[PDB]
4 protein chains.
Amino acid sequence: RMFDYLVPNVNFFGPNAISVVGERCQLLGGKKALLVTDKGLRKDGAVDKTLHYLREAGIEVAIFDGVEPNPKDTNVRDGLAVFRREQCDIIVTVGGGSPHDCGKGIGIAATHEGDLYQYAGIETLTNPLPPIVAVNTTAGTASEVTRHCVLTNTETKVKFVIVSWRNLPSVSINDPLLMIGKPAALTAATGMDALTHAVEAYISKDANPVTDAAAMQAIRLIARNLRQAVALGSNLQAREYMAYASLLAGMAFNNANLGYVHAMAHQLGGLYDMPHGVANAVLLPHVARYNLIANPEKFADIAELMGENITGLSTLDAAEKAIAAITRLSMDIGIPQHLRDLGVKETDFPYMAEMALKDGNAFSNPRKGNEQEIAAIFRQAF
Amino acid sequence: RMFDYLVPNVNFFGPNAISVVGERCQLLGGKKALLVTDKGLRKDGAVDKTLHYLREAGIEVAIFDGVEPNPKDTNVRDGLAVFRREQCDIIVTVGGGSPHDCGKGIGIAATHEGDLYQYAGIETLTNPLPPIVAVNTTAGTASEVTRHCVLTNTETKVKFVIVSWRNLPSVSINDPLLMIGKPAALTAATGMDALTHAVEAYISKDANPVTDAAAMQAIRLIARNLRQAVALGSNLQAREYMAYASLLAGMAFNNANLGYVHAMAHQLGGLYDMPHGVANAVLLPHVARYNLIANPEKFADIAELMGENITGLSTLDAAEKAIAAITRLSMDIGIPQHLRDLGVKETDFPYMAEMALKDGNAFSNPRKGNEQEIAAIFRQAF
Amino acid sequence: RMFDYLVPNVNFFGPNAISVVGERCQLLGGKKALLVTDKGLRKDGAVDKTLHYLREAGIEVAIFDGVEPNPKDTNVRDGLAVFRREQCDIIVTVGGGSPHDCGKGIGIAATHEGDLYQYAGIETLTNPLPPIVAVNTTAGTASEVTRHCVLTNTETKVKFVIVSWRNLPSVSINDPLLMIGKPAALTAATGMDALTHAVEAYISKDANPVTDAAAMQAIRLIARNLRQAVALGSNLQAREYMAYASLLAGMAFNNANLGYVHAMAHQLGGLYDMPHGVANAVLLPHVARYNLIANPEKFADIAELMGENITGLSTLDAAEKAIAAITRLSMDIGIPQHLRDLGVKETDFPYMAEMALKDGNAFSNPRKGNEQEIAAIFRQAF
Amino acid sequence: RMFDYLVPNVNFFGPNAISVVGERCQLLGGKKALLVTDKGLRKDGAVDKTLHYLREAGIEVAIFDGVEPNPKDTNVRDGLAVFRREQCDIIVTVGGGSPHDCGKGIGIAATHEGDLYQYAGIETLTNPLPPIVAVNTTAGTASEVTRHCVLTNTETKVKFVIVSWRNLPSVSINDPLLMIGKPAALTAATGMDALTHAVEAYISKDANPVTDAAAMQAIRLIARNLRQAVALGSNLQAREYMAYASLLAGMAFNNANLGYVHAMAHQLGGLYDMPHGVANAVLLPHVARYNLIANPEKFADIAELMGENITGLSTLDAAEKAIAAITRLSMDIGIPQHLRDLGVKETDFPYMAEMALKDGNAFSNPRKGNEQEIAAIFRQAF
Ligand SMILES: [Fe+2]
Ligand SMILES: [Fe+2]
Ligand SMILES: [Fe+2]
Ligand SMILES: [Fe+2]
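Residues numbered from 1 in each chain as written, not as in the entry; some residues may be left out. Chains lettered and ligands numbered in written order. Part of a larger assembly, values for the part shown. Heavy atoms only, no water. Residues with missing side-chain atoms left out of burial classes, pairs and counts.

- Looking at chain A in UniProt, the text filed under Cofactor (unreviewed entry) is "Fe cation".
- The record in UniProt for chain A states the following under Sequence similarities (unreviewed entry): "Belongs to the iron-containing alcohol dehydrogenase family." (UniProt positions renumbered as here; feature names shortened; annotations may be inferred.)

See the structure below:
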């Protein structure tokens, strides 16, 4: 009946947006910055650019590149050792989801009483984190705009979530010039992740008109730009729109939550460490069809948003076109269409399905299923 | 080429969203609140609710209801004394635009070398304000979401603006249950203010895909709800949508700015002190038609968004329908169609145009004009 | 949010439906009947038919005919006097609106302590009335299916209403064979009265899907049958469908209430005592246009229900066609178009409008108006 | 040529409509209720709700929960024993069809001398029953609004029906808040039972425009909500709309009767004791195709009612779309499509056809068949 809508205070997007990193640290009060990034991204001009604007604005910088794909709690432990030994004032995360998830963890662990795993759950944080300037490199996760901090436990080998308004970065930066170097396959997976965020947020039980505003636009932008962005990575106009789309999808799903697509994709990531992007892609249209009966009117909307002609059609028929439209986009941009080829096996369906209902994202799915109905979705996508 | 996007960190909307004010002050550290409001709102059951939930969460309160319809520099001063003498920690603003502006001004003055004018202009603020929670009771202004602080200088009899990311409230609240008591004519005017925010933001030189997400949905929401809401204030559903519409329109124009409608409306409100909502409403269609040639494609979008059938028409014809649609909506809800009836006089046109050209809102208008062209628009609205 | 839906327990309709009056009096335990009717109807064949079947089933009868157009309170006294002296067990009403109100009044006065006017208002009745078998003769009022009883207070001159589930007749009878003799003007007026019941109930604040089932079908029936009915009274099919329409519109309005049409129609009957049917008729399209902004979507349904082609149209344009259709039907059947022609004076509007805003039927109107706005509608129908 | 139309005097529906059970028992003169229910419903909150409001209203209550799915005469015996032993005044049934038929049966046995099977047939009852308040729990049977009481003869093992106006419950209550807990499969089967009531009544020999009004809206509502209701039972709007739909389908079929779908369903219920709703659903599209030639116009209507596009089509082609729309809905909600999978045997068809031809509902079917043809329908549904 009532909703909250969280989003970073100050956000920057457009080509050359990276040029504000240094300036926005001066305004936040940051003297020294912990730059949190990947081993991969650290050798060209991505971390190098923010590193240039940081020293230009007179901000000292100790870097932490020890962030694994799937951010670990020991990554926060080792990361916090730098923040404390080098005495950093501000956190600058640069990369995809992983650097962002880790920078927040460091912010939490540096500000909240010893240990890290104990603060898992809802609004359970007491004191403000150190300022975080999250410069985002991927048109997919939108973590730079999210309330969510998800790390992986070393002890239990199971991920945990910390959901707090205090995890909202102080400033977000989305510069498409930093994204040009993404290989086609990667821009496709991150692109479908963004799509998945948009439709799941659009059809979520927690969907509202304010959230819809962002989700609808994201779906539209993705449908007009994802193909062209994977076609030619140097296409700036396409990159820009993909960047805005992903940021919009984030503003949406941060406040409306997701559904079964992520609930199932996290399991594929759990058992096979399949890339989160592709896991969402191959499942999307199968879960979307399953969700269809829950709100065919909004699926009719999705079709229209994706460019489909909808004129003389019953709502159910227009809804159908949304499914087709999603699989057409999926097939055009290279996405593998069957789990059979991603290494997945049929015996792991019951376990994954069981886990999927227990996943945090399942609660907001428009259709309340069971373990058998989820196993049938997997088999349809196999 | 580059864009910023500012929005309050944490936002609440939906029926009964007032119930979080006390809890939200607790999380921001506020021990004693300054309640900034109107004499007319100060009794019934609207500021008593925010006074109730603040009392149940254990926050002490000093009320300042000395806010004028056009927030004055002396209103900030007098309210600051109450902030200082009663020793308040946090600012709760309840009402429409006036309490929110005056609230921000109080926040500024309590934090920056005492003076009004001294800090007018762009990013001129150095220090964080006291936390501000803003409860909005009007589906019109969106000042609870805005970076602007507009006061009037009694020394010069002319208004001034302060623009800062620090003016952004800590929390915004949009409870449609509070708005229900709004009389028909008032909701007609406030609706059109929002409508004006949405289209000016959408066609603005500073518009972008992200900005546009909010503007578009707001036009769709207003086109579908404003009529219903002026017909029957107790219609909760229409009240809900108007609140989101006004809020989204705020997320749009806060970051894409406005244009000639507001530039011209402030002049009507500067002389005949015409209600801001009605000044926008009466001028909207005429400034729309003027701006048409700057972006026909986006005016075609507006027609579509307002529910018009565009199927076989040329862009220009479709643009025409957006103007028609706006004036139909304007007439339906009871807006006076001619400035002549609002006591406006033709001899004042030249001077009004001159001022409009200088107004801060003039720069972002998609069509660059002169005094003669602006004067002629007035003539078309007489 | 919660709704009641009242209707007689047993209802008969169709050609020769009258053939059950006797049998149904037997089943209710009535040994002797009070026949409550008009002087006009009481000789020819109409109360004679009902008389024949009462005799055939062994029920002896005493008849009361002193019912005025607009049933007086004294009419009830005179009816109760016959009810007691003749020792009556059951009450059979035959006629239009009046004999039904008078019948119910007698029923009330016979079972509740000696005085009539004192029982005005909502659920004020404690005791069951004698069984009432209501045989309807006009495709207009639907009083045979209604919880209301409305008599004129002879001492004050003003009408009063007793609203109770205990006013529902035991059995209703709607035999179209009994309506064949109605003059064209009478069938036009009663038909418009039925259409009014239907549209006001459809757009009422108290409307719901159960209620709308009856109203939608009644509008559809009237659109396809009223012209045919006024053109030729001996047309059995047209009389059948009008009889069913009127009954359905009763089932609707009894439970969703009415609106500004009826609140204004009663005032025209209050001063010039215009026939209720024609008053509603001349007001309908004008009050409808005023109500449009409250619910354009439902007015768009009305256009469709009435046989208009809505295909390419925006909702508003579709809603327009509902007004057009109504006034087309009005004109076709010979309803007078201007109040001026019915001896209505302009200086009576301020009083009438004031009185109309207080009428019981005004609270359920979808648009909340006032003195001036309702006066404006009068001037439009002038 | 002449029609009766029976329905409870007073009906409540909408969220929280249960809150009137106690108040309504007071007005019917009831001092001590016999709560007639299932062991299942009887703990949680639904007979608890009616118990709460009964006791709050000062009504004492004895409870009989020995009602079987397929209520036996011996249940009525046992229920009646409690009615008399505990000195009960009024009967309150809460549940689906079972508690209602059993509640009616007890009411009959309480006022009608000797046995049960004796009173089987039409208007065979002479005495009024004790007042009956019926609180409905299922959007399916609509027995709370019906003239029928069907029990099972334990001596003969076959079923019997008592059809009477006196079987009409005094008050029906339809609170969708009480229907939320129904598992997906049940709401689907009860929904399709409602659908079957609506289409059979629409196309029955005994159909008329009063009856059709309720039938049409029930079809429209079911086509717009059943998919949503089975997808998420906590969907309040879909629950409301299904509840109003079932009620309307009841008001329709109670008066227009049913046809071959029910005639054949009862035999599946007889032999395999298949759930009524699923037996109906699996048969609907095949019986509908068989009945098509009796009335292609109304199937064309049914197609349009279920949202199908009929614009270009011949009546026959439009009618075809109704059959497809029915089966599409059935599959969408996970209804089993083949009797082969319900444990049905082929050489039971001859016996089932014989019995279907003798069933009470067979008479009003718009197509007169024989044993071969009915058997041939079973074969198509196999
Ligand atoms: Fe994701
Ligand atoms: Fe404004
Ligand atoms: Fe009337
Ligand atoms: Fe049934």
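From this point on, the discussion continues.
### A look at the packing of aromatic side chains
Alright, step 1. Counted by the stated rule, this structure contains 29 aromatic pairs over all chains.
Alright, step 2. Geometrically, the ring pair formed by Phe349(B) and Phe382(B) is edge-to-face, given 5.9 Å between the ring centres and 85 degrees between the ring planes. In this pair, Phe349(B) sits in helix α13 (residues 349-358) while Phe382(B) sits in the segment after α14 (371-381), placing the two residues 33 residues apart along the sequence.
Alright, step 3. You can call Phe349(B) buried: its relative accessible area is 2%.
Alright, step 4. According to the relative accessible area criterion, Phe382(B) is buried, its value standing at 16%.
Alright, step 5. Following the ring pairs from residue to residue traces out a cluster consisting of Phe3(A), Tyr5(A), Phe13(B), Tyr241(B) and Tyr244(B).
Alright, step 6. Residue placement shows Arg340(C) over the ring face of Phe382(C); its charged tip is 5.9 Å from the ring centre.
Alright, step 7. Lying across the ring of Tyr290(C), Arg367(C) places its NZ or CZ 3.9 Å from the centre. (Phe/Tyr/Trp six-rings, centres within 6.5 Å; stacked < 30°, edge-to-face > 60°. Helix = DSSP H or I, 4+ residues; strand = E, 2+ residues; numbered from the N terminus. Buried < 20%, exposed > 50% of the residue type's maximum accessible area, 1.4 Å probe, protein only. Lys NZ or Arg CZ within 6 Å of the ring centre and 35° of its normal.)

### Things to note about the packing of helix α7 (residues 209-231) of chain B against helix α8 (residues 236-256) of chain B
All names here are of chain B.
Alright, step 1. Following both chains from N to C, one finds α7 and α8 inclined at 150 degrees, their axes separated by 8 Å at the closest point. On the basis of their axis angle, the class for α7 and α8 is roughly antiparallel. Helix-helix and strand crossings are classified by hand; for α7 and α8 the assignment is left-handed. Together, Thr211, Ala214, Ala215, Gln217, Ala218, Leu221, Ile222, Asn225, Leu226, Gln228 and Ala229 of α7 and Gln237, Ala238, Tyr241, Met242, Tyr244, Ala245, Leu248, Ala249, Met251, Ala252, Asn255 and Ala256 of α8 make up the contact between the two elements. (Axes fitted to C-alpha atoms, helices over the stretch in contact; angles between N-to-C directions. Parallel < 35°, antiparallel > 145°, perpendicular 65-115°, else oblique. Left-handed = near helix turned anticlockwise from the far one by under 90°. Contact = heavy atoms within 4.5 Å.)

### What to know about the coordination of the iron ion (ligand 2)
Residue and element names in this part refer to chain B.
Alright, step 1. Distances from the iron ion (ligand 2) to its protein donors, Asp193 (OD), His197 (NE2), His262 (NE2) and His276 (NE2), fall within 2.2 to 2.4 Å.
Alright, step 2. If you look at the iron ion (ligand 2), its 4 donor atoms make angles of 82 to 166 degrees with each other, and the shape they trace is irregular.
Alright, step 3. Look at where the donors of the iron ion (ligand 2) fall in the sequence and you get D-x3-H-x64-H-x13-H. Highlighted residues: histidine 262 in helix α9 (residues 260-271) and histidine 276 in helix α10 (residues 276-291), separated in sequence by 14 residues.
Alright, step 4. Judged by its relative accessible area of 28%, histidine 276 falls in the partly exposed class. (Donors = N, O, S within 2.8 Å, 3.2 Å for Na, K, Ca; no water. Tetrahedral: all angles 85-135°; square planar, octahedral: opposite > 155°, others 65-115°.)

### Points about the environment of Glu123(A)
Alright, step 1. Note that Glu123(A) resides in the loop between α4 (97-111) and β6 (132-136).
Alright, step 2. A relative accessible area of 33% places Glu123(A) in the partly exposed class.
Alright, step 3. Residues within four places of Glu123(A) in sequence aside, it is in contact with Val163(A), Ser164(A), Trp165(A) and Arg24(B).
Alright, step 4. Here the side chain of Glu123(A) touches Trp165(A) through a polar contact of 2.9 Å, landing on its backbone nitrogen. (Polar contact = N/O pair within 3.5 Å; in protein donor to acceptor, adjacent residues only side chain to side chain.)

### Section: helix α6 (residues 209-223) of chain C
Alright, step 1. Taking 1.5 Å per residue, 15 residues should reach 21 Å; α6(C) reaches 21 Å between its end C-alpha atoms and fits that length.
Alright, step 2. Counting buried residues along α6(C), 15 of its 15 residues qualify, which places the element largely inside the surrounding structure. (Expected span 1.5 Å × (residues − 1).)

### Notes on the relation of the copies chain C and chain B
Alright, step 1. Rotating chain C by 73 degrees and translating it 0.1 Å along the rotation axis places it on chain B, where the RMSD comes to 0.3 Å. Put plainly, the chains are arranged around a five-fold axis. Residues of chain C ranked by C-alpha distance from the rotation axis are headed by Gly312(C), positioned 8.8 Å from it. (Least-squares fit on C-alpha atoms.)

### Here we look at the nonpolar core
Alright, step 1. One finds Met192(A), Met251(A), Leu268(A), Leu283(A), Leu339(A) and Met251(B) to be the most contacted residues of the largest nonpolar core, which totals 157 residues.
Alright, step 2. Not counting the four nearest positions on each side in its chain, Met251(A) is found in contact with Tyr5(A), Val7(A), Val145(A), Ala214(A), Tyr5(B) and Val210(B).
Alright, step 3. Membership of the second largest hydrophobic core comes to 156 residues, among which are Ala318(C), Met192(D), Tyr244(D) and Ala375(D). (Core = buried A, V, L, I, M, F, W, Y, C linked by side-chain atoms within 4.5 Å.)

### Some words on a nonpolar patch on the surface
Alright, step 1. A cluster of nonpolar residues, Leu177(D), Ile180(D) and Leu236(D), forms a patch on the protein surface that exposes about 190 Å² of accessible area.
Alright, step 2. One can find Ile180(D) in the loop between β9 (171-174) and α5 (184-203). (Patch = residues over 30% accessible without salt bridge, like charges linked within 9 Å, V, L, I, M, F, W, Y side chains within 5 Å. Areas by Shrake-Rupley, 256 points an atom, 1.4 Å probe, with all protein chains shown as cover. Salt bridge = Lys/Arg side-chain N within 4 Å of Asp/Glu carboxyl O.)

### Section: the domain arrangement of chain A
Accessible area lost on assembly of the parts is the figure often given for the size of an interface.
Residue and element names in this part refer to chain A.
Alright, step 1. Each domain of chain A was delimited in the assignment, giving domain 1 (1-183) and domain 2 (184-382).
Alright, step 2. Each of domain 1 and domain 2 has a C-alpha centre, and these two points are 26 Å apart.
Alright, step 3. Counting from both sides, the interface comprises 25 residues of domain 1 and, opposite them, 29 residues of domain 2.
Alright, step 4. Of the roughly 2300 Å² buried where domain 1 meets domain 2, counting both sides, 61% is carbon and sulfur surface.
Alright, step 5. When residues of domain 1 are sorted by the area they lose upon contact with domain 2, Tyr5, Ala139 and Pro183 head the list and together hold 24% of the total.
Alright, step 6. Counting across the interface, domain 1 meets domain 2 through 0 salt bridges.
Alright, step 7. Here domain 1 and domain 2 share 12 residue pairs in polar contact between them.
Alright, step 8. Broken down by element, the residue count for the side of domain 1 that touches domain 2 peaks at 4 residues, all from strand β1 (residues 3-6). (Domains from an automatic or database assignment. Buried area = accessible area lost by both parts, 1.4 Å probe.)

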